[PDB]
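S.K.: Handing you a structure now.
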Amino acid sequence: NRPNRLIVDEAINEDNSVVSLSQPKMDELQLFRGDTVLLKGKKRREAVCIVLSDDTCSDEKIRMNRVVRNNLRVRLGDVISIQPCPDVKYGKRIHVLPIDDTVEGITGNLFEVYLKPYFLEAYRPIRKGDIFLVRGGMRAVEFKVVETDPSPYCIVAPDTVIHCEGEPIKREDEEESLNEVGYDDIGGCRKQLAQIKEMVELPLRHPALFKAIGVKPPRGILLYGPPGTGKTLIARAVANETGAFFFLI
Amino acid sequence: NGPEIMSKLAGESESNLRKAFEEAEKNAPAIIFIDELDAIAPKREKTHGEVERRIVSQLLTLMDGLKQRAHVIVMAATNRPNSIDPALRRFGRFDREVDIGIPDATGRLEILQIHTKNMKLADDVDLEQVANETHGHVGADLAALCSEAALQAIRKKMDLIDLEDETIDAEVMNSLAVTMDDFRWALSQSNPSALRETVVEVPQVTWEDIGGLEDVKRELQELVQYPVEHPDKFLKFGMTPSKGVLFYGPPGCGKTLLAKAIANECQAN
Ligand SMILES: Nc1ncnc2c1ncn2[C@@H]1O[C@H](COP(=O)(O)OP(=O)(O)OP(=O)(O)O)[C@@H](O)[C@H]1O
């Protein structure tokens, strides 16, 4: 029922900095053309950037650059909460450095060979965590967050200073994406999983709600059984899916 | 080495374990081998000293750290799998346990041939006969047997030939030969067999070693080979193959040989 709760679907503009529109929806929003719209999804990672390079497709499904699925999302069928937040500050500039596929070949400055021809009159309305493709060549290389002089995201400008002293890395970021075990990874304990869910849903998903009442919560759980029955896996999946901070003692 | 690990101070032992694991991780792909793991890691109810339990936990944490981020394979040696902590054999830590076991007659023959590769031995050694005779000797036991035979040959030659003639040279030492009598003496007088538990080997008794009982031979051949030689036929029908048979009758009819021959026919221990 939430108006800005709408699916996201295929995208065709290979540049991630573009975010779609839906004129019937734009009338609902105040979506203005400029730097940024805050399109909010899962895990707090967003794809914030210039807007309105769409309305080619049908409505009820926002076109968002597929590269903002691995980030900000997982798969199709998801939903975006698009709400404008244009006119960001203009700090120094946003980091410039590649991550994986640039050490393979001539490196030079890692900015003025392949990436420079893209921060042109669209000076990176971004949000740290927006990952995309940008090159001056084979057209498949990532652009990741490394540094942060301004905490909030900004719109870069020339005359600034950048240091590509940083080195491209491994997929620490790709491994980070591959984590957070879930209930789909639990089998053979469906009744036990449901019991754990009904035990830990109220204390974790509703902390203030339970703080309002004066009932005693279940604060001790004894998962006992043969070794290798997924006890730590069950605990990790429950903590990750419910959002509770998991400490592996 | 377990003694090498817990020979030093508790903190020093843990530091040595951590340094070894870090070096193995740095040298990936690397193999970590822990002989006498029961010394480091005894049964949890049996490890009396708190230092020993702390060392066990440090090893567990180090191997878990290898599991999460490393490329090192950890190997361990112990007398019995149950002598070590059951937490060691937990999934993810020690998933697969390999039973080294004892060498059979062919295995003892192979070990003797390996130890006699660089040993000038005569033609009367008949290592097949030695291996067939050798029982209760495992690996290093056969190594000590070969060493004893060589030492007896040397004490027979050097101690009796070159006394006052002239200083020893290469000609006399390379002329040394090991005979069958040296191996016999090593077998008889100067070898303690460290094996006393159950034997796990393919018995040398075959069907020809048994007389008669042709119907029993055929029935046993069915009941054993057919489940293992034709699993598809058993799976096709709705019958689970039998996993046991009982031999009953007057003593002396060869039930033991029947079991040995059916094990040999399937080449089964
Ligand atoms: N019930 C299960 N369903 C799916 N995967 C499982 C299950 N139990 C264990 N696993 C898998 O076993 C592997 C190793 O187990 P893990 O490290 O998670 O410990 P654990 O099984 O919880 O141990 P323990 O029972 O000793 O607490 C993991 O890849 C995990 O996904």
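Letters for chains follow the order of the structure tokens (A, B, ...), residue numbers begin at 1 for each chain, and ligand numbers begin at 1 in the order shown.
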Within 6 Å of ligand 1, which residues show up when you count only C-alpha atoms and all ligand atoms? List them as a PDB file with C-alpha atoms, in the first residue's frame, please.
M.R.:
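Saved result, selection_5.pdb, follows:
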```
ATOM      1  CA  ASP A 185      20.445 -22.696   4.328  1.00  0.00           C
ATOM      2  CA  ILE A 186      18.776 -24.621   7.187  1.00  0.00           C
ATOM      3  CA  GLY A 187      17.377 -28.103   6.670  1.00  0.00           C
ATOM      4  CA  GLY A 188      16.368 -30.992   8.875  1.00  0.00           C
ATOM      5  CA  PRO A 226      25.166 -34.140  17.791  1.00  0.00           C
ATOM      6  CA  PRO A 227      28.136 -32.140  16.511  1.00  0.00           C
ATOM      7  CA  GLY A 228      27.761 -30.913  12.957  1.00  0.00           C
ATOM      8  CA  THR A 229      23.976 -30.427  13.080  1.00  0.00           C
ATOM      9  CA  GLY A 230      24.172 -26.759  12.091  1.00  0.00           C
ATOM     10  CA  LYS A 231      23.822 -25.234  15.556  1.00  0.00           C
ATOM     11  CA  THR A 232      26.191 -22.370  14.764  1.00  0.00           C
ATOM     12  CA  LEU A 233      24.725 -22.230  11.254  1.00  0.00           C
TER      13      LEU A 233
ATOM     14  CA  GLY B  92      35.148 -28.910   9.641  1.00  0.00           C
TER      15      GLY B  92
END
```
S.K.: Per residue of chain B within 12 Å of chain A, record the nearest atom pair and its distance in Å to one decimal, counting only C-alpha atoms, with rows in chain order and ascending residue number, as CSV.
M.R.:
```
residue,atom,partner,partner_atom,distance
B:61,CA,A:249,CA,11.6
B:69,CA,A:175,CA,11.9
B:86,CA,A:227,CA,9.8
B:87,CA,A:227,CA,8.6
B:88,CA,A:227,CA,11.1
B:89,CA,A:227,CA,9.6
B:90,CA,A:227,CA,6.5
B:91,CA,A:228,CA,5.7
B:92,CA,A:228,CA,8.3
B:93,CA,A:228,CA,10.6
B:94,CA,A:228,CA,11.6
B:95,CA,A:228,CA,10.3
```
S.K.: Take the residues from that selection and put them in a file with N, CA, C and O atoms, as an mmCIF file, in the first residue's frame.
M.R.:
```
data_model
loop_
_atom_site.group_PDB
_atom_site.id
_atom_site.type_symbol
_atom_site.label_atom_id
_atom_site.label_comp_id
_atom_site.auth_asym_id
_atom_site.auth_seq_id
_atom_site.Cartn_x
_atom_site.Cartn_y
_atom_site.Cartn_z
ATOM 1 N N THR B 61 41.470 -23.428 17.765
ATOM 2 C CA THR B 61 41.269 -22.094 17.212
ATOM 3 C C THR B 61 42.168 -21.850 16.009
ATOM 4 O O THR B 61 41.741 -21.240 15.025
ATOM 5 N N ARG B 69 40.170 -18.882 6.700
ATOM 6 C CA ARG B 69 41.005 -18.127 5.761
ATOM 7 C C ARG B 69 42.416 -18.718 5.779
ATOM 8 O O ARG B 69 43.255 -18.319 6.590
ATOM 9 N N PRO B 86 37.457 -35.755 21.215
ATOM 10 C CA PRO B 86 36.366 -35.845 20.232
ATOM 11 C C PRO B 86 36.082 -34.528 19.538
ATOM 12 O O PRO B 86 35.602 -34.529 18.397
ATOM 13 N N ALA B 87 36.361 -33.399 20.194
ATOM 14 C CA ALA B 87 36.178 -32.105 19.547
ATOM 15 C C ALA B 87 37.132 -31.923 18.374
ATOM 16 O O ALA B 87 36.836 -31.154 17.452
ATOM 17 N N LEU B 88 38.277 -32.608 18.394
ATOM 18 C CA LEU B 88 39.190 -32.548 17.257
ATOM 19 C C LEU B 88 38.547 -33.138 16.009
ATOM 20 O O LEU B 88 38.660 -32.572 14.916
ATOM 21 N N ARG B 89 37.857 -34.267 16.155
ATOM 22 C CA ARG B 89 37.208 -34.942 15.040
ATOM 23 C C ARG B 89 35.888 -34.296 14.640
ATOM 24 O O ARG B 89 35.134 -34.894 13.866
ATOM 25 N N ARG B 90 35.590 -33.103 15.151
ATOM 26 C CA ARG B 90 34.376 -32.404 14.760
ATOM 27 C C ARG B 90 34.425 -32.052 13.279
ATOM 28 O O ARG B 90 35.491 -31.790 12.714
ATOM 29 N N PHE B 91 33.254 -32.065 12.645
ATOM 30 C CA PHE B 91 33.163 -31.711 11.237
ATOM 31 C C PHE B 91 33.691 -30.302 11.006
ATOM 32 O O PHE B 91 33.431 -29.386 11.790
ATOM 33 N N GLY B 92 34.443 -30.135 9.921
ATOM 34 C CA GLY B 92 35.148 -28.910 9.641
ATOM 35 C C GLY B 92 36.574 -28.894 10.152
ATOM 36 O O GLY B 92 37.435 -28.254 9.542
ATOM 37 N N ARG B 93 36.844 -29.593 11.253
ATOM 38 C CA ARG B 93 38.187 -29.642 11.824
ATOM 39 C C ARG B 93 38.949 -30.875 11.347
ATOM 40 O O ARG B 93 40.007 -30.755 10.720
ATOM 41 N N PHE B 94 38.425 -32.069 11.640
ATOM 42 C CA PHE B 94 38.988 -33.334 11.159
ATOM 43 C C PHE B 94 37.835 -34.140 10.566
ATOM 44 O O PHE B 94 37.242 -34.989 11.234
ATOM 45 N N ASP B 95 37.522 -33.869 9.298
ATOM 46 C CA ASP B 95 36.376 -34.515 8.666
ATOM 47 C C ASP B 95 36.680 -35.967 8.319
ATOM 48 O O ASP B 95 35.857 -36.859 8.559
#
```
S.K.: Quick one: residues within 9 Å of residue 34 of chain A, only C-alpha atoms, excluding same-chain residues fewer than 4 positions away - as a PyMOL selection string?
M.R.: chain A and resi 49-51+86-87+125
S.K.: Can you tell me, as number ranges by chain, what residues are no more than 9 Å from residue 217 of chain B when counting only C-alpha atoms, ignoring any on the same chain fewer than 6 positions away?
M.R.: B: 207, 258, 262
S.K.: Export, as an mmCIF file, in the first residue's frame, the selected residues with N, CA, C and O atoms.
M.R.:
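Writing done, so here's result00.cif:
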```cif
data_model
loop_
_atom_site.group_PDB
_atom_site.id
_atom_site.type_symbol
_atom_site.label_atom_id
_atom_site.label_comp_id
_atom_site.auth_asym_id
_atom_site.auth_seq_id
_atom_site.Cartn_x
_atom_site.Cartn_y
_atom_site.Cartn_z
ATOM 1 N N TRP B 207 40.168 -70.577 -1.965
ATOM 2 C CA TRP B 207 39.219 -71.679 -2.063
ATOM 3 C C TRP B 207 39.937 -73.013 -2.206
ATOM 4 O O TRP B 207 39.495 -74.028 -1.654
ATOM 5 N N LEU B 258 36.775 -70.859 5.740
ATOM 6 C CA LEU B 258 35.707 -70.379 4.870
ATOM 7 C C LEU B 258 35.648 -68.858 4.881
ATOM 8 O O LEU B 258 35.564 -68.217 3.825
ATOM 9 N N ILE B 262 36.568 -66.528 1.637
ATOM 10 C CA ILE B 262 35.606 -65.592 1.068
ATOM 11 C C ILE B 262 36.139 -64.167 1.142
ATOM 12 O O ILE B 262 35.823 -63.336 0.282
#
```
S.K.: From a DSSP pass on the backbone, collect the residues of segment 201-234 of chain B flagged as helix (DSSP H, G or I) and hand them back as number ranges by chain.
M.R.: B: 207-209, 214-229, 231-234
S.K.: Can you pull out every residue within 9 Å of residue 226 of chain B, counting only C-alpha atoms, but drop anything in the same chain fewer than 6 positions away, and send it as a list in words?
M.R.: residues 233, 234 and 241 of chain B
S.K.: Any idea what's packed within 10 Å of residue 29 of chain A, counting only C-alpha atoms, ignoring anything in its chain fewer than 3 positions away? Could you give it as a list in words?
M.R.: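 Within the cut-off, the hits are residues 3, 4, 21, 22, 23, 24, 25, 26, 32, 82, 83 and 84 of chain A.
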S.K.: Using N, CA, C and O atoms, can you write the selected residues to a file as a compact mmCIF listing (two decimals), in the first residue's frame?
M.R.:
```
# COMPACT_ATOMS: atom_id res chain seq x y z
N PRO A 3 2.96 3.97 -1.33
CA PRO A 3 3.01 4.37 -2.75
C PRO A 3 4.37 4.13 -3.39
O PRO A 3 4.44 3.64 -4.52
N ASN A 4 5.45 4.47 -2.70
CA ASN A 4 6.80 4.31 -3.23
C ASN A 4 7.32 2.90 -3.07
O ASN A 4 8.54 2.70 -3.12
N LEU A 21 12.53 7.12 -14.04
CA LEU A 21 11.36 7.87 -13.60
C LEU A 21 10.12 7.08 -13.99
O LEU A 21 10.18 6.09 -14.72
N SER A 22 8.97 7.55 -13.51
CA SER A 22 7.68 7.07 -13.99
C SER A 22 6.73 8.26 -13.86
O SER A 22 6.22 8.53 -12.77
N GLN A 23 6.52 8.96 -14.98
CA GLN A 23 5.75 10.21 -14.96
C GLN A 23 4.50 10.14 -14.09
O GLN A 23 4.33 11.03 -13.24
N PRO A 24 3.62 9.15 -14.23
CA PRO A 24 2.55 8.99 -13.23
C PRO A 24 3.07 8.93 -11.81
O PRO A 24 2.40 9.40 -10.89
N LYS A 25 4.26 8.36 -11.61
CA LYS A 25 4.86 8.33 -10.28
C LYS A 25 5.57 9.64 -9.96
O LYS A 25 5.53 10.11 -8.81
N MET A 26 6.22 10.25 -10.95
CA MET A 26 6.85 11.55 -10.72
C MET A 26 5.83 12.56 -10.22
O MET A 26 6.15 13.40 -9.36
N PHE A 32 12.86 15.87 -8.96
CA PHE A 32 13.41 16.94 -9.78
C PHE A 32 14.68 16.45 -10.46
O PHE A 32 15.37 15.57 -9.96
N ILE A 82 11.85 5.11 -3.56
CA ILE A 82 12.51 6.24 -4.20
C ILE A 82 11.91 7.52 -3.64
O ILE A 82 10.70 7.75 -3.71
N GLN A 83 12.77 8.36 -3.05
CA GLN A 83 12.37 9.59 -2.44
C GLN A 83 13.50 10.59 -2.70
O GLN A 83 14.65 10.29 -2.35
N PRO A 84 13.23 11.74 -3.32
CA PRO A 84 14.33 12.63 -3.71
C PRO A 84 15.08 13.20 -2.51
O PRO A 84 14.50 13.50 -1.46
```
